[PDB]
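Below: the structure, in structure tokens.
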Amino acid sequence: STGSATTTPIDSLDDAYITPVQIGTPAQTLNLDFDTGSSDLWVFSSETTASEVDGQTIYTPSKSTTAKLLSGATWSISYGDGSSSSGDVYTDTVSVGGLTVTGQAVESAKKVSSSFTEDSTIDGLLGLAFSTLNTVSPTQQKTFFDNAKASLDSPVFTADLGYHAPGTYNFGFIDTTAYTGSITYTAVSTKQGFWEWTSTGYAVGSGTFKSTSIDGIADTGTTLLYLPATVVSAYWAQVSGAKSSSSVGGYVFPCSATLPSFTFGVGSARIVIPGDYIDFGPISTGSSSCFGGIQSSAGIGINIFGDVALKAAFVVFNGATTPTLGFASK
């Protein structure tokens, strides 16, 4: 089997991407944030505290003939941005782009934090990291990808995120028309439950490439590119008027400045992030200070190749017995 679904930016900045997912019978279609940095499929639901729902589409398990309470199971998750959610669990039929999993754990939110309530466009998350991070207790549950894996033509999924445009998540096959050149594969460590890999270095604009190992995670659920402070400082030093603002919470730059590209290494290959991808617009409406798309990972505890980086590539998440990551230009 395979599946193929279009993923669409939630706003003009590509702050996140939503992908339609069919849950239950008859289908209830919710727009979920596919997140390769977490491992819970959770949804706004008929059980979510009413005051915490503001415009989202909800899953109503009582209207699904295939929903079954996963008795006794609860879940509770906190994300790197400080957001959180929790609730109980149903199993139900879940389909993504034509690919169907029966008995998928669908984690029904009883509570969500304010960041989720305030984002009307995201009806929940679909985790695509390793199932060892799944938060269901007492019985940890498998991700949609892990459940689908044995049925897939090939045990892979791919992320092809657009810059200010829709893209595609494919399951079970590699679309050879979707990238240029070759796919360079690189080793993954699953020790922390993430798609964790080691970039071979970076370049700023037309500068010389610096060979240096940068361990980080491929995370479709994080907007920006978070790298060590040394790397980030070297980037922003090439932008006229750029500075790190403690009041704003990162690097900002005058909207009049030109942004250089940023290149990251994948083995001997190179992925070039165009300068435009690093522009996240005014810090507040009408401001001449623009927020940067490359920020320091210091104090996160991990480097994160978020959407800014991933959308510059065609990315293969290879879930073979020994997982790997592939990157191609496109």
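In the working numbering, the protein residues as written are 135 to 464.
Ideal placement from N, C-alpha and C gives every residue a C-beta, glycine not left out.
(request) Using the Cα positions of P362 and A432, report the straight-line distance between them to the nearest angstrom. (result) Within the sequence shown, the letter at position 228 stands for residue 362. Within the sequence shown, the letter at position 298 stands for residue 432. Taken atom to atom, the span from the alpha-carbon of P362 to that of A432 is near 6 Å.
(request) State whether the segment 168 to 176 contacts the segment 219 to 238, with contact taken as three or more CB pairs (one from each stretch) at a distance under 8 Å. (result) yes
(request) Taking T225 as the reference, give the member of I256, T251, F278 with the closest Cα. (result) Working through the sequence shown from its first residue, we reach residue 225 at position 91. Answer by Cα proximity: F278.
(request) Return the first residue and the last residue of the alpha helix (DSSP H) that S248 is part of. (result) Here residue 248 is taken as the residue at index 114 of the sequence shown, counted from 1. Unbroken alpha helix (DSSP H) run through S248: 248 to 251.
(request) With a threshold of 16 other CB atoms inside 10 Å of the CB of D280, please say whether the residue is buried or exposed. (result) Counting from 1 along the sequence shown, the entry for residue 280 is found at position 146. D280 should be labelled buried.
(message) Distance check for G158 and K202, CA to CA, integer angstroms please.
(response) Position 68 of the sequence shown holds residue 202. Position 24 of the sequence shown holds residue 158. Straight-line Cα distance between these residues: approximately 10 Å.
(message) Pull the bridge partners of residue 470 from the DSSP assignment, please.
(response) What is shown of the chain runs 135 to 464, which leaves residue 470 out entirely.
(request) Using only alpha-carbon positions, find the residue among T392, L459, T136, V240 that is nearest to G231. (result) Numbered from 1 along the sequence shown, position 97 holds the residue referred to as residue 231. The residue with the shortest Cα to Cα distance from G231 is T136.
(request) List the residues that DSSP assigns as beta-bridge partners of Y303. (result) In the sequence shown, the residue the question calls residue 303 occupies position 169. Bridge pairing for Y303: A139, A293 [DSSP].
(request) Assign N281 to one of three DSSP states: helix, strand, or coil. (result) The count along the sequence shown starts at 1 and reaches residue 281 at position 147. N281 falls in the helix class under three-state DSSP.
(request) Mind checking which residues open and close the alpha helix (DSSP H) that includes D441? (result) Along the sequence shown, one-based indexing puts residue 441 at 307. Unbroken alpha helix (DSSP H) run through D441: 441 to 444.
(message) Since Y360 and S430 should fall inside the 8 Å C-beta cutoff, what is the C-beta to C-beta distance between them, to a whole number of angstroms?
(response) As a first step, residue 360 must be located in the sequence shown, where it is residue number 226. As a first step, residue 430 must be located in the sequence shown, where it is residue number 296. With 8 Å as the limit, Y360 and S430 qualify as a contact, their Cβ atoms being about 7 Å apart.
(message) Among the candidates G171, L166, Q162, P154, whose CA atom is the shortest distance from the CA of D441?
(response) Along the sequence shown, read from residue 1 onward, the residue named residue 441 stands at position 307. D441 has its Cα closest to that of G171, out of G171, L166, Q162, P154.
(message) To the nearest angstrom, how far is the alpha carbon of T310 from that of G460?
(response) Working through the sequence shown from its first residue, we reach residue 310 at position 176. Working through the sequence shown from its first residue, we reach residue 460 at position 326. A direct Cα-Cα distance of roughly 13 Å separates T310 from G460.
(message) Using 9 Å as the threshold, is the C-beta distance between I438 and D353 below it?
(response) The sequence position of residue 438 within the sequence shown is 304, counting from 1. The sequence position of residue 353 within the sequence shown is 219, counting from 1. Yes, they are a contact pair.
(message) Bridge partners for residue 83 per DSSP, in chain order?
(response) In this structure the chain extends from 135 to 464, so residue 83 is not present and cannot be described.
(message) Only counting the same chain, and skipping five residues up and downstream in sequence, which positions put a Cβ closer than 7 Å to that of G401?
(response) Counted from its first residue, the sequence shown places residue 401 at position 267. Contacts found: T318, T320, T334.
(message) Within the continuous beta strand (DSSP E) that includes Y319, where are the two ends?
(response) Within the sequence shown, numbered from 1, the residue matching residue 319 stands at position 185. Run containing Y319: 318 to 321, per the beta strand (DSSP E) assignment.
(request) Measure from the alpha carbon of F264 to the alpha carbon of each residue in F250, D149, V290, then state which is nearest. (result) The residue labelled residue 264 in the question sits at position 130 within the sequence shown. The option with the nearest alpha carbon to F264 is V290.
(request) Compute the Euclidean distance between the alpha carbons of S288 and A403, then round it to the nearest angstrom. (result) Position 154 of the sequence shown, counted from the first residue, corresponds to residue 288. Position 269 of the sequence shown, counted from the first residue, corresponds to residue 403. Approximately 24 Å between the Cα atoms of the pair.
(request) For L286, name the three-state secondary structure that DSSP assigns. (result) Looking up residue 286 in the sequence shown gives position 152. Reduced to three states, the DSSP call for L286 is coil.
(request) Give a yes or no on whether the C-beta atoms belonging to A282 and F307 are separated by under 9 Å. (result) Counting from 1 along the sequence shown, the entry for residue 282 is found at position 148. Counting from 1 along the sequence shown, the entry for residue 307 is found at position 173. With respect to the 9 Å criterion, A282 and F307 are not classified as neighbours on the basis of their beta carbons.
(request) Specify the secondary structure class of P394 as computed by DSSP and reduced to three states. (result) Position 260 of the sequence shown, counting from 1, holds the residue named residue 394. Collapsing the DSSP output to three states places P394 in coil.
(request) Could you tell me the distance, in whole angstroms, from the CA atom of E181 to the CA atom of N452? (result) For this step, residue 181 is matched to residue 47 along the sequence shown. For this step, residue 452 is matched to residue 318 along the sequence shown. Cα to Cα, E181 sits roughly 35 Å from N452.
(request) Using beta-carbon positions only, say whether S463 and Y303 come within less than 9 Å of one another. (result) Walking along the sequence shown from the start, residue 463 turns up at place 329. Walking along the sequence shown from the start, residue 303 turns up at place 169. No, the pair does not count as a contact, with Cβ atoms beyond the cut-off.
(message) Please report the straight-line C-alpha distance between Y385 and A371, rounded to a whole angstrom.
(response) For the purposes of this step, residue 385 is taken as residue 251 along the sequence shown, with counting starting at 1. For the purposes of this step, residue 371 is taken as residue 237 along the sequence shown, with counting starting at 1. Straight-line Cα distance between these residues: approximately 11 Å.
(request) Determine the DSSP secondary structure at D413, reduced to helix, strand or coil. (result) For the purposes of this step, residue 413 is identified with residue 279 of the sequence shown, where counting begins at 1. Here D413 sits in strand by DSSP.
(message) Our contact map puts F396 next to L147 with C-beta atoms below 8 Å; I'd like the distance itself, whole angstroms only.
(response) Within the sequence shown, the letter at position 262 stands for residue 396. Within the sequence shown, the letter at position 13 stands for residue 147. For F396 against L147, the beta-carbon gap comes to about 17 Å, at or over 8 Å, which does not count as contact.
(request) Pull up the CB-CB distance for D257 and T191, whole angstroms please, since I reckon it's below 8 Å. (result) Locating residue 257 in the sequence shown gives position 123, counting from the first residue. Locating residue 191 in the sequence shown gives position 57, counting from the first residue. At roughly 5 Å, the Cβ-Cβ gap stays under 8 Å, so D257 and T191 are in contact.
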